[PDB]
Amino acid sequence: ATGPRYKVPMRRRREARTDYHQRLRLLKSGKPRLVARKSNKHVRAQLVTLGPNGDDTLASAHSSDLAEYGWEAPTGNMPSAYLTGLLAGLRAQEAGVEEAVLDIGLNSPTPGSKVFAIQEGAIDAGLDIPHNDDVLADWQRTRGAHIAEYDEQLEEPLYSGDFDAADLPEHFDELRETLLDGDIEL
Amino acid sequence: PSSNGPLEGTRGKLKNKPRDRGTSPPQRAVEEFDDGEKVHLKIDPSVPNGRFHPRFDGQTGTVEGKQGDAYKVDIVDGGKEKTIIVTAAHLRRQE
Amino acid sequence: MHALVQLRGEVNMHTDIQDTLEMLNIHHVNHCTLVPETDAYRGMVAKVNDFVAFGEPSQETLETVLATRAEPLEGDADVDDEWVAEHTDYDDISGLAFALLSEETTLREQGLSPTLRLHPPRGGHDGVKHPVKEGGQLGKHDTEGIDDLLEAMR
Amino acid sequence: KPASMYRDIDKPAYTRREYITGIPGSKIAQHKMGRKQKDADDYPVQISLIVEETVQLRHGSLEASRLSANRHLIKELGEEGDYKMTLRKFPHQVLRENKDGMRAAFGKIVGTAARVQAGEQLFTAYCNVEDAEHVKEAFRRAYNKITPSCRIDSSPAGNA
Amino acid sequence: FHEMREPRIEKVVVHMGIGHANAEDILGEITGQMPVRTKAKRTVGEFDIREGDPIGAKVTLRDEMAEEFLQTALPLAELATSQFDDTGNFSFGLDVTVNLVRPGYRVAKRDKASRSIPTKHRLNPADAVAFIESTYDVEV
RNA sequence: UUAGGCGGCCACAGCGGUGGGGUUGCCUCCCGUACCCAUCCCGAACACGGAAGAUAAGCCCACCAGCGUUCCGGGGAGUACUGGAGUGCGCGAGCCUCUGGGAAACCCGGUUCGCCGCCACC
RNA sequence: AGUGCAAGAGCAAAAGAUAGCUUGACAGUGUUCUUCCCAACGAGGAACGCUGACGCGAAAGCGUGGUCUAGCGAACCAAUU
RNA sequence: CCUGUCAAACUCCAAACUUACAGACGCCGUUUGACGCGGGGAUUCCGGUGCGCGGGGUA
Ligand SMILES: [Cl-]
Ligand SMILES: [Cl-]
Ligand SMILES: [Mg+2]
Ligand SMILES: [Mg+2]
Ligand SMILES: [Mg+2]
Ligand SMILES: [Mg+2]
Ligand SMILES: [Mg+2]
Ligand SMILES: [Mg+2]
Ligand SMILES: [Mg+2]
Ligand code: NA
Ligand code: NA
Ligand code: NA
Ligand code: NA
Ligand SMILES: [Sr+2]
Ligand SMILES: [Sr+2]
Ligand SMILES: [Sr+2]
Ligand SMILES: [Sr+2]
Ligand SMILES: [Sr+2]
Ligand SMILES: [Sr+2]
Ligand SMILES: [Sr+2]
């Protein structure tokens, strides 16, 4: 910008979306990356592989396409994240993918977070992913319990669009139920 | 030379071009080459490890297997055959 | 196709320039060779430029010189139309001459020695210390100039 | 010491003051002369002294010539005459002398000189059409104190 | 348009740069929340050779804590023009600093895809004096 | 790609600027702290839970060249420099001719306000 | 800017700063290059492996001392494990 | 703004050229066996001159 000698960061560095130092460390494994990402309303898992002209996504799942299997609940919570990971995971098996490394991009490794939920889901789907159990939220939180009890302290329904009053982690089960099953069109 | 260390006279060849300054892209550090492949040798100023003796900059050897992640490249220094342990970051495919 | 004639000796000649001459089959002063006009050969003559005289000869001249100085790959067998006819893909020296100039074949290809061992220039040449443009004999010549030389060395 | 000792450019450029110490101050008093508050475009005539050979001119020579030239323009146009002359070169080249046989011969620093390629303008004056022959004389005296031969070329000036 | 543009208070930073502390207790009362120590850098002839070491304390208030402080703090001062930043900030007073900014300031403070706020969205001195003055006090 | 995710080349992509875009869609800003997690003090951030509002930021779309940058035309310039050769010139430092290469600055006019790959998506 | 010290070079979500934790400045054994361009020569050095045991990290991964190039010593004998 | 100058230990630029590898043509090798490899024997480790590029020195 300033002159001939000025150094401009690689595009994705100035867009502030890619941590290259962390990236290179991920790539050093030789395994596909389980790219876990999240937005205010959604969550998304992708199994990315290295390619000659850019990365190559071999499979993926999005919280949005969760309803496509019987989900009427929100898509920015824990139950959401896990199930998406699993959905993405299952599809990964389809394409022949067997192992992955967790890439949480610019998200923080907070214990019990969603990117870890996405990871536990993808692992349950059958993907071999280097992990650590005592960094994953407790099973019930994944189900969505923490929110039910939050809804317990009612007075004004937690959810605006009536999906249900006292919410449901039991639905999480019906949805996971449907995914771990064979039939299901991936 | 006044001294005979490895980086003697390496001022230019080991200095980065202003705009190439800073951490280099991971792509070429992770690249994979096959045995028999021709590769040009050129140290990347920005990359500390995996380098070969500067004196060999500019060579175009032949991947003949690898050691760990580093590559074993065969070259002919003058009339002598030498094997060079070098990481992808400092290699480039030929042609 | 250019005719190449060595006019300057090997003593004190750069070795890489001397080796180049030998690759073009000339090994003595006055010896002449016929080289196709390719990028590769082009570089070569440009390199030997200061110790030689070259240029494209006329069909006629090439015929005179072939008749007078062409030799078999081995032996003293005289090379004439009859020889040409019974040993080459041609009918006579002219058919050969034409083919060479058109670069369809080479002396070696037709069992002829790659070199024409010419004779010293009758009446001498224009000197080997200066190029053609400066009045000398070194360097690229005119088809007419090359002809004058080759004929004088017939 | 004879200029024969330094007039030629037969040594590497030696100018880096960050590695040289004890460099004698220049003897050149001024590079801008005449009425320097006025511009150069403000004059009808522009004459320069052109060096004919590439050389090295020691500061003691730039000062002698510049002086013996401006001194003339002063004596002819007055201590405030309507003219302006410029010595456009500065002595960047540091000179030595081995002043103990050839052992440890690198020399001690003894002076400075300006490198001037042939055809370049060493000095340049801008005068009115009147004082044109006064500047030509100032240069005649100037080129008599510098090694090379010079041409007194007349740039803007078609009043012949 | 005006809604997502009308200013707000990002933070109220009250601090007592001393130079060697025992003053934390008052700020703990005047603001309502815990204060933090202030380390320094560079050695100073003024018996200040201990780089890392207590020299001050500060409190950063946000939302109610912030406002509830200004309600009783602003009156204590006599705001002026110069006393304002070029970004729309102003500090008075024990220092009392008020950082004002428009709605989506987060874009420059978040981790992922952060970005610098365009000059157009940056608060102005005039815009600052206004908003503020437009709430319990005068200007210059 | 009517706004997304991961990238490759890493300014042709920077700097600055103008215009346009969103009722249950997307990205955001945005709302809010019971939880997982968080601040040497601050739910600012990080993390989590969420939709009253919004297109003013960001972002995406269209575009402008004043600065920076890439490339190209024309001029500078076949100049500067130079590999090979010379019983060519010069008192000399040095120059010239023939042969094969061939800039840089700068001015003028254009180009450039990213290109491309994988995935997902009214 | 800083990165212990010459100079040249490297580094910005770090190779710099702060904080916390830690002892990989670890054991065994090699490959290669360097020392010694080409081209034989020791001690010394570096990069890169395999095995062992550990530290930190969610994990990929990083750690065979200090970002890279100076800080080094044969046989005989002694002491030591 | 304008205007006057520089760099062996400066470089936003940048040759000629030197150089790694490969293919092509050339030359060469498969009774003259090249390239490569093993072994016997050395001599040699005062050099000089021209030209080009130098560094020191008034030379
Ligand atoms: Cl994300
Ligand atoms: Cl090496
Ligand atoms: Mg150099
Ligand atoms: Mg014969
Ligand atoms: Mg003669
Ligand atoms: Mg708008
Ligand atoms: Mg002479
Ligand atoms: Mg002894
Ligand atoms: Mg002992
Ligand atoms: Na780089
Ligand atoms: Na403290
Ligand atoms: Na907007
Ligand atoms: Na050794
Ligand atoms: Sr000299
Ligand atoms: Sr003179
Ligand atoms: Sr908030
Ligand atoms: Sr003389
Ligand atoms: Sr040309
Ligand atoms: Sr290191
Ligand atoms: Sr060289």
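These values consider heavy atoms only, across backbone and side chains, with no hydrogens, waters or symmetry-generated copies. The chains referred to below are lettered A, B, ... by the order of the sequence lines, with proteins before strands, and numbering in each begins at 1.
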Open item on the list: With a 4.0 Å limit, can you tell me whether D:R16 has a side-chain N or O closer than that to the phosphate oxygens OP1/OP2 of H:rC10?
Closed with: yes
Open item on the list: Taking 4.0 Å as the cut-off, does a side-chain nitrogen or oxygen of D:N98 come that near to OP1 or OP2 on H:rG57?
Closed with: no
Open item on the list: With a 3.5 Å limit on both atom pairs, tell me what G:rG8 is paired to, counting Watson-Crick and G-U wobble, or say none.
Closed with: G:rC68
Task: B:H40 side-chain N/O to H:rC21 phosphate OP1/OP2 under 4.0 Å - done: no
TODO: Can you figure out which of G:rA13, H:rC28, G:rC38 approaches the side chain of C:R108 most closely?
DONE: H:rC28
Open item on the list: Can you tell me if A:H42 touches the phosphate of F:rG4, counting only side-chain N or O atoms and a distance under 4.0 Å to OP1 or OP2?
Closed with: no
Open item on the list: Given that F:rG90 and F:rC91 are neighbours in the strand, would their base rings pass a stacking test of centres under 5.5 angstrom and planes under 30 degrees?
Closed with: no
Task: Residue met sooner reading RNA chain F from 5', once A:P9 and E:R102 are mapped to nucleotides - done: A:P9
Open item on the list: When both hydrogen-bonding distances must be under 3.5 Å and the geometry is Watson-Crick or G-U wobble, what is G:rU29 paired with, if anything?
Closed with: G:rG49
Task: Major or minor groove - C:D50 side chain, cut-off under 5.0 Å - done: minor
Open item on the list: So, does E:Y105 get its side chain near the phosphate of F:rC29, meaning an N or O under 4.0 Å from OP1 or OP2?
Closed with: no
Task: Length of the line joining D:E53:CD and F:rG90:P, which is rounded to integer Å - done: 15 Å
Task: Proximal nucleotide (of F:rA120, H:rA8, G:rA59) relative to the D:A13 side chain - done: H:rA8
- [ ] Determine, answering yes or no, if C:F51 is stacked on F:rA85 under the 5.5 Å centre rule and the 30° plane rule.
- [x] no
Task: Watson-Crick or G-U counterpart of F:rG66, or none if no pair lies under 3.5 Å - done: F:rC15
TODO: Scan B:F52 against the nucleic acid and name what it touches under 4.0 Å (heavy atoms): base, sugar-phosphate only, or nothing.
DONE: nothing
- [ ] Mark yes when both conditions hold for F:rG43 and F:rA44 (six-membered ring centres under 5.5 angstrom, interplanar angle under 30 degrees), and no otherwise.
- [x] no
- [ ] Could you tell me whether B:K38 and B:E95 make a salt bridge, using a distance below 4.0 angstrom between a side-chain N and a carboxylate O?
- [x] no
Open item on the list: Stacking check, if you would: do H:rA16 and H:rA15 have six-membered base rings whose centres lie under 5.5 Å apart and whose planes meet at under 30 degrees?
Closed with: yes
Task: Closest heavy-atom pair and its distance - C:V35, C:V45 - done: CG1-CG1, 4.4 Å
TODO: Could you please name the partner base of G:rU22, counting Watson-Crick and G-U wobble pairs only when both distances are under 3.5 Å?
DONE: none
Task: G-U wobble or Watson-Crick pairing nucleotide for F:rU1 (cut-off 3.5 Å, both distances) - done: none
Task: Considering all heavy atoms, the nearest A:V101-A:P130 contact - done: CA-CD, 4.5 Å
- [ ] Decide between north and south for H:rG40, the convention being positive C1'-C2'-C3'-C4' for north and negative for south.
- [x] north
Task: For atom NZ of E:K39 and atom P of F:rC41, their distance in whole Å - done: 11 Å
Open item on the list: If you assign E:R8 and D:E52 each to the RNA chain F nucleotide with the nearest heavy atom, which residue ends up on the more 5' nucleotide?
Closed with: E:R8
TODO: Respond yes when some side-chain nitrogen or oxygen of B:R51 is under 4.0 Å from OP1 or OP2 of G:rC48, and no when none is.
DONE: no
TODO: Go ahead and name the base partner of F:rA54; Watson-Crick or wobble counts if both distances stay under 3.5 Å, otherwise write none.
DONE: F:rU28
Task: Side-chain N,O (C:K129) to OP1/OP2 (F:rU87) below 4.0 Å - done: yes
TODO: Please classify the sugar of G:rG71 as north or south using the torsion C1'-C2'-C3'-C4'.
DONE: north
Open item on the list: Of the listed nucleotides (F:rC12, F:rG5, H:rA22), which one gets closest to any side-chain atom of A:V35?
Closed with: F:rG5
Task: Any B:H53 side-chain nitrogen or oxygen under 4.0 Å from OP1 or OP2 of G:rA47 - done: no
Open item on the list: Heavy atoms only, 4.0 Å cut-off, all strands: where does B:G61 land among base, sugar-phosphate and nothing?
Closed with: nothing
Open item on the list: Below the 4.0 Å mark, does F:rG50 have OP1 or OP2 next to a side-chain nitrogen or oxygen of A:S160?
Closed with: no
Task: N-glycosidic conformation, F:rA51 - syn within 90 degrees of 0, else anti - done: anti
Open item on the list: Counting the atoms with a prime plus P, OP1 and OP2 as sugar-phosphate, which does B:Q67 contact under 4.0 Å by heavy atoms, base, sugar-phosphate, or nothing?
Closed with: base
- [ ] Answer with base, sugar-phosphate or nothing: what part of the nucleic acid does D:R88 contact at a heavy-atom distance below 4.0 Å?
- [x] sugar-phosphate
- [ ] Ignoring the backbone of A:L102, work out which of F:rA57, G:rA70, G:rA58 is nearest its side chain.
- [x] G:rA58
Open item on the list: Can you tell me if A:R11 touches the phosphate of F:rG114, counting only side-chain N or O atoms and a distance under 4.0 Å to OP1 or OP2?
Closed with: no
Open item on the list: Of the listed nucleotides (F:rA11, G:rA58, H:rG57), which one gets closest to any side-chain atom of A:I104?
Closed with: G:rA58
TODO: Mind checking D:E97 for me? I need base, sugar-phosphate or nothing, with any heavy atom below 4.0 Å counting as a touch.
DONE: sugar-phosphate
Open item on the list: Return the pairing partner of H:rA59 with a 3.5 Å limit on both distances, Watson-Crick or G-U wobble; otherwise return none.
Closed with: none
Task: Selected nucleotide, minimal atom distance to C:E134 side chain, candidates H:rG57, F:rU97, F:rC48 - done: F:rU97
TODO: Any strand is fair game: report the nucleotide pairing with F:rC59 by Watson-Crick or G-U wobble, both distances under 3.5 Å, or none.
DONE: F:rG21
Task: N or O in side chain of A:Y20 less than 4.0 angstrom from F:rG8 OP1/OP2 - done: yes
Open item on the list: Please determine whether a side-chain nitrogen or oxygen atom of A:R33 lies at a distance below 4.0 Å from atom OP1 or OP2 of F:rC118.
Closed with: no
Open item on the list: With a cut-off of less than 4.0 Å, is there a side-chain N or O of B:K80 near OP1 or OP2 of G:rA40?
Closed with: yes
Task: Listed nucleotide nearest any side-chain atom of E:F1, set F:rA56, F:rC41, F:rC6 - done: F:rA56
Task: Greater than 12 external heavy atoms within 6.0 Å of E:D63's CG - done: no
